Amino acid sequence: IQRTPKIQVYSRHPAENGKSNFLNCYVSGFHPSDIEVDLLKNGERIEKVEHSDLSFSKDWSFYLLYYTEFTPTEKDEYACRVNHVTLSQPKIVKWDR
Amino acid sequence: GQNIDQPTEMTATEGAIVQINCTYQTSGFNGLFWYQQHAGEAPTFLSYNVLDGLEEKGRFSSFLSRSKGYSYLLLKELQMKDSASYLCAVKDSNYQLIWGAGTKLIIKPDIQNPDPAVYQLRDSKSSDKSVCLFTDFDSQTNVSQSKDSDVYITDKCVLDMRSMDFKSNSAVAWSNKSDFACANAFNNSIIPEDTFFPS
Amino acid sequence: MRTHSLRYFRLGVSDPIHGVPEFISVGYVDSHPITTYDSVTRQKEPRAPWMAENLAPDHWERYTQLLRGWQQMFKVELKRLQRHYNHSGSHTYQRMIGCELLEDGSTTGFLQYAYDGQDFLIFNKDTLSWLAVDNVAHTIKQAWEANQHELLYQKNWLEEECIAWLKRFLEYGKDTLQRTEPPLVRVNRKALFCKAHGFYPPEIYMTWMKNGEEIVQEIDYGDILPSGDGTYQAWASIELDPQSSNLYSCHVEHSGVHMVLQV
Amino acid sequence: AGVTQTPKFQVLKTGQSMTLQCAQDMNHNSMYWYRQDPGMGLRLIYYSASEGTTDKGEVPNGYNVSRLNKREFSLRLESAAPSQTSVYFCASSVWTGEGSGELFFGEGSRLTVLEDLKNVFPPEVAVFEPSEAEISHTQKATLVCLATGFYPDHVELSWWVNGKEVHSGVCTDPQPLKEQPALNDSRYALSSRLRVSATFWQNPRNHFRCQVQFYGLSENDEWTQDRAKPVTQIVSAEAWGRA
Ligand SMILES: O=C(O)Cc1ccccc1Nc1c(Cl)cccc1Cl
Ligand code: NA
Ligand code: NA
């Protein structure tokens, strides 16, 4: 039994246009552990993206936190693209507000 | 810590019961082992305790008190073959073994019919030594060193003639010095009052 | 104190793809990683500053050796499992051991094994037995239970040694593990979203109540998520009824403090 | 089978190289090297948790080891020293870490390190026939065997009756006797008895033999003393039954 990842995209602090912040992409509840996660600035990859080490849950699932530093604007729209064994095509989850 | 303490030596009578204590002061506790080591041989596993209580395996039993930090190995109906060293070993928080210095168990045989005597043995034609044999004495009899040191006396030892179910104690004395007789071989030690001295 | 937990995880993967390790081991006090080991570094390294600060090199050198052995042992029983299931290709094998120190003073101990992310073997320290989910596991169980010295060992470790480790680490990371950062709660509209952020520990209780009675039930809960700065955030939502006037209020509980926000 | 370790005895000069071998056929992962010394518990020198790793123990100085494979774990004395004089035990277990698993030991290896071999001596063995007084009084006959003047304590005494080794009726001193106890260099003595039925000793075609196997110098050890080279040797003495 393979479990698909859960993808949530959110900001560290309540976002405001003009104020510096952090964009988080939390990926959890997946199995096996093989995964790749990159953040999207309106379609294109962000390269300056940090991430925690792989982590473990009681239900044997794994989780990860990917994050960048940014200042949200009216123009920009962000997303997080994730690929897993349970996904045939790269799943893209856009940032909401 | 860390520290394991064990009595250096214990003496008990054949057929009786002996209790060898082991107190430990360690960084955590992951189990206590007992080992038996015969002189000249390798230690072999006896028992293992990790939770409080008494665990029995034949004539042997092992008890453990985690709170009090001590364990004992109990040997019932002692036999001569139980004569060995017994080693206590505690596994600590990092699963490393701490070993006690071991306890030497000496078993005094139950001599039914004592018959203490010192015999002059036949000289060999290949040695200048004269040899005396203290034998068939009671187990409470102890043998001492010679205060002469051209005279050599050995500590008592137990032999078992297993085809007659017969056990006896014996000590051996010898020297080449010209003024050496069996009559005076064991003066420096306490021998029985009824000891047989043939001429 | 609160409820604190120490839990150590081990992962074994049979055919690791590319640069993926075949063995991983990570330790946690609560939600914090403290120690790590993988099949590539082959070293046991701190993952928290207060761990590297308080444990002498002796510790790291000693547990490095042990984990190298576990890498071997896990690679071997992953093989035996995979043969019994008659399973080709890739499969995983996990182990979780640990304690919980409850507020009231009680404790819990647990040791479990998993195959492909499913329960495989669960230890019961109170009955000294192993629960098997299938017959492959049942086969392993019968061998393990025949060695009751081993079982008695696990009971003692879970109930005394693990708890002792936990108390030891709780003091090492006291400034982090035992601090309280209260939540910031607000109410948004779209449905009333009760949103909390900036709190630690991550254990938080959120709910909506209508006219003094709990909505039982259609509240929509959000997951408790890491903010990235050591604090967490979550939310809960309920759809507002346009027919009747109702006093809706969001209730938050966190580290013994109850909070109410009315609308 | 079990745990095999060699050599059982060894004499070394200061400061000589030396390699102790250990093998186990129990498919154990963890192997160990202990040294045993009078008055204190076993001390770990080096250990190996599994097939591909080793680490220092409590007393690693002057040693090094190699876990050659899953079966073999060799201990190595870099440069021999008098303080390294000890009995060494090899051991193995299923797993060194978590568990109730016990240790399986090897037979042991006694190493004696000397400044020179100038003080090494083989044992002098003599057999002493039973007292006719004993035979009349107890109807039993006790032969005594003495092995004297040997150094170091690397001996193995055994009785041989009619070509075959015996153990029943045999008592040999568990520890040897220092002939000159005041001295560090002191040579040893060791007594043993064989006690038989009088009717056994009184048979004239019965053969009694006390054998002492001594472990001393080997072919490659240098010898400059004017006496015989105290190599590894068996020294015996014998008796026949009287009328
Ligand atoms: O499992 C690990 O990550 C390390 C490891 C190796 C061998 C034995 C125990 C442990 N973990 C471990 C440690 Cl390092 C400390 C306290 C409690 C536990 Cl379970
Ligand atoms: Na706050
Ligand atoms: Na060394």
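Just so it is clear, chain A uses Swiss-Prot numbers, and the residues here are 21-117, in order.
Cβ atoms are placed via backbone N, Cα and C, with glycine included.
As recorded in Swiss-Prot, the features of this protein are as follows:
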{"type": "CARBOHYD", "residues": "A:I21", "note": "glycation site"}
{"type": "MOD_RES", "residues": "A:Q22", "note": "pyrrolidone carboxylic acid"}
{"type": "DOMAIN", "residues": "A:25-113", "note": "domain 'Ig-like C1-type'"}
{"type": "CARBOHYD", "residues": "A:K39", "note": "glycation site"}
{"type": "DISULFID", "residues": "A:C45-A:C100", "note": "disulfide bond"}
{"type": "CARBOHYD", "residues": "A:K61", "note": "glycation site"}
{"type": "CARBOHYD", "residues": "A:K68", "note": "glycation site"}
{"type": "CARBOHYD", "residues": "A:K78", "note": "glycation site"}
{"type": "CARBOHYD", "residues": "A:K111", "note": "glycation site"}
{"type": "CARBOHYD", "residues": "A:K114", "note": "glycation site"}
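Neighbours of A:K39 (glycation site), defined as other CB atoms within 10 A of its CB across all chains, total 10. It is 21 Å from the Cα atom of A:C45 (disulfide bond) to that of A:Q22 (pyrrolidone carboxylic acid). Listed recorded positions: A:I21, A:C45, A:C100. The one with the lowest count of other Cβ atoms within 10 Å of its Cβ is A:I21. Other C-beta atoms found within 10 angstroms of the C-beta of A:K114 (glycation site) number 12, with every protein chain shown included. Note: A:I21, A:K78, taken in sequence order from the glycosylation sites A:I21, A:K61, A:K78, A:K111, have a C-beta within a distance under 8 Å of a chain C C-beta. Between the CA atoms of the residue listed as 'pyrrolidone carboxylic acid' and A:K78 (glycation site) there is a gap of 16 Å, rounded to the nearest whole number. Here the glycosylation sites are A:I21, A:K61, A:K78, A:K111, A:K114, and none sits under 8 angstroms from chain D, going by CB atoms. Of the candidate recorded positions, A:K39, A:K68, A:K78, A:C100, A:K114, the one lying closest to A:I21 (glycation site) when CA atoms are compared is A:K78. For A:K61 (glycation site), the same-chain residues that are 6 or more apart in sequence and have a Cβ closer than 8 Å to its Cβ are A:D96, A:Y98. Neighbour density for A:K78 (glycation site): within 10 A of its CB lie 12 other CB atoms from the protein chains shown. When the glycosylation sites A:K39, A:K68, A:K111 are compared by Cα distance to A:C100 (disulfide bond), the shortest distance belongs to A:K111. Over all protein chains present, the Cβ of A:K111 (glycation site) has 15 other Cβ atoms lying within 10 Å.
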